[PDB]
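Before any questions on binding or motion, here is one chain by itself as C-alpha cells, the form deposited in one PDB entry.
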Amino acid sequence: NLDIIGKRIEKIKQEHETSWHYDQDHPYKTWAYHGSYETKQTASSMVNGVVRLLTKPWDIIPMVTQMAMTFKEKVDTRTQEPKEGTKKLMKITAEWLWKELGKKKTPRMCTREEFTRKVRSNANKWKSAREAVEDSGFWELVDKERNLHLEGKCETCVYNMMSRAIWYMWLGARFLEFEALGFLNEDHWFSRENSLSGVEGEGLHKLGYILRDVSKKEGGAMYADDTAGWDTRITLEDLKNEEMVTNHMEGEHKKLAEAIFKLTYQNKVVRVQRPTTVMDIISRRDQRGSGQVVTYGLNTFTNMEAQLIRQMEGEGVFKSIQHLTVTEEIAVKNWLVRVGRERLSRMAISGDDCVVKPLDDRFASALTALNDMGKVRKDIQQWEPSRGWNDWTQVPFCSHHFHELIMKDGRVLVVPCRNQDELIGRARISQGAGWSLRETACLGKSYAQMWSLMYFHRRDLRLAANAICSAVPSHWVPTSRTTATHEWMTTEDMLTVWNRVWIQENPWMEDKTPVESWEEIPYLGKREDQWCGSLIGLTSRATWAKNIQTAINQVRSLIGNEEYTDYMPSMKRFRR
C-alpha cells in the first residue's frame, strides 16, 4: 500500500492543490481510491476514401459499413487467490520455463540509442515523442526517476487509462520499462526456435505452416480456448512468477528490472477520466498494466505456463490443486525435465491466444487448475468440457484460419484467411485525422500490398489490391501508424516480394523455382471463397470487376497528374 505509491500520489495532489477532493460517490469497489481533480477532454475512426471508392459493392454490406461507426465493468472485478497446490504448480513451472528460455539467451539492458531510433522510425511538456528524445532535459528527468528506482522508490511512473483498455504512460516511464525488459521482445525470447510454443516474429505466412506442424504430432483434438478478459485475470501470483526473470539478470540491470516489477507492475497508480469531468487517482496490485510490447511477452510466458499445467492435469501428473504432496512435486519436476520441451512443441501461443494439441482428449475436462489460476474460458460454462477441433484448417488462431492450397506445379501453400468483410471493413478505416490525400492513398496502398502478399487467394482482394496499386502513383511509399513481419511495407515489385516470402525464404518449400507471373499463383475454390465472404456470383461484384478501370480513373483524377502503372492485366480476365 501507500509506502510505495504515496510519493506518486503526493506529487499528483500538489500539481492540482486548487482542486483535490476525496469523493464519497466514487464507483470503485476493487480499485483503491485516493482523490480527484478538474479536467475536460475526449479519437474516433475516419474512412479511407481511396479504399472505399475502389470497393463500391461493399457500400451496402452492413458488416463492412457498421465497422466504421461509433465491458469497463470488467476492469472493476477481482480474482481470488489460487489454492496452495495451484501456487506450487505455477512457481515450479515458471522457474523451469525461465531457465529454458534463458538457456540460449542473455538478458541485457536496452539503450537510449535503441529507444531514440524506435520513436524516429515510428513503432503536455513536449508535442510529439520525436521532440522529447532530442531534448537533453527529458533525459535528466529520466536519470532522476532512474536514480529513484535504484533507491526502491518511484515519482512519475503513473498509468493513464483509455475487450480493449489501453494504459499509456509518459515517454520517460516507457523508456525505463524498455531499458529493463525490452530484451524480451528485442532479442526474440518468444521466437519459436527459442521458446518452442511461441510465434513472436513468425509472420502470418508462417502461422498456418506452424499449426500444420503441430497437427502432425500424435495426440487428440486441437484446443483453442480463449480466456474471458485475460489482462483482468492476471493475479499478483502471476506477476511474482513473471518477476523471476530477474533471477537470470545481474548488476544494475537486475535492480532496474526488480524496480519495474515491484513499483509499476505489482503496485500501480492510474489516472482515469470520469464524466460526472474529474481525474480519479486509483491503485491496485494485480491485473496487467505494462506497455503493449512487454504485455505481449509476459502474456505469452504465463499462457505457456498455464497450458503446460493444464496438460499436466490431463496426463494425471497431480491429483488435486488443494495441496501438492512431496512426491507430486517430484513427479511435476520430473515431467518438466523428461517431456517439458516436447509438451511446449505441441502448442502455438501468441500472448493470451493459444492452440494446444495435447497427448489425448483427457485435456478437454482438465479444468481445475485452469479455473483456479483464474484463466476462465470465454462463452462456455465453467465446468463444461472444451470442444476441440479435428481439422487444423478449422482451428482459429490470431483472428485467422488457414487453408491448404495446391499450386498448378504441385507445391503446397498454407495461407492465412478470415471473413472478407472483416478485411475490407478494416482497410476502409484510418486511425487519427489531419491526413493529406497523399497519406490516405499510401495507407490504402499498404492494405493493397498486404492483401497481394497474404490474401492473394481471395478473388475479390487480388482484384481490389491491383485496382488500388493502379490508382495510387507507382512510386508513392506505403505508410501506416502502428507497425507479424510486414514484408508488404516496400516499393519493390509485389511479385518479387511474393517469391521471396512464399518460395525462397519458406522453409516448408523444398523446390525453390521462382514464380514468373501472378497467373501461376492460385485461388481458393470458388465455393470456399464464397464461404469465406467473397461476393463472386453477385451482379454488384460483376459490374464492379467489369468497370474497374472507371473506378481507378475516378481516384487518379482526384489525386491528379502523377505517374501511374496499370496492374489489372496481371489478372487473366483483364490481360486484354
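In this text, rigid core is short for the largest set of C-alphas that superpose within 1.5 Å between two forms. For every residue, the number given is its place in the sequence shown, counted from 1.
Another form, the form deposited in another entry, is not on view; read the next lines as being about it.
> Fix the rigid core, compare C-alpha positions between the shown form and the other one, and report which of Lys104, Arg117, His475, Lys144 shifts by 2 Å or more.
One residue passes the 2 Å cut-off, namely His475.
> Determine whether the C-alpha of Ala542 shifts by 2 Å or more between the shown form and the other one once the rigid core is superposed.
It does, since the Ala542 C-alpha is displaced 2 Å or more between the shown form and the other one after the core fit.
> Can we say the CA of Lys13 moves by at least 2 Å between the shown form and the other one when the core is superposed?
Comparing forms between the shown form and the other one, the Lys13 CA shifts below 2 Å.
> Please say whether, between the shown form and the other one, the C-alpha of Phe456 moves by 2 Å or more once the core is aligned.
Superposed on the core, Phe456 moves its C-alpha 2 Å or more between the shown form and the other one.
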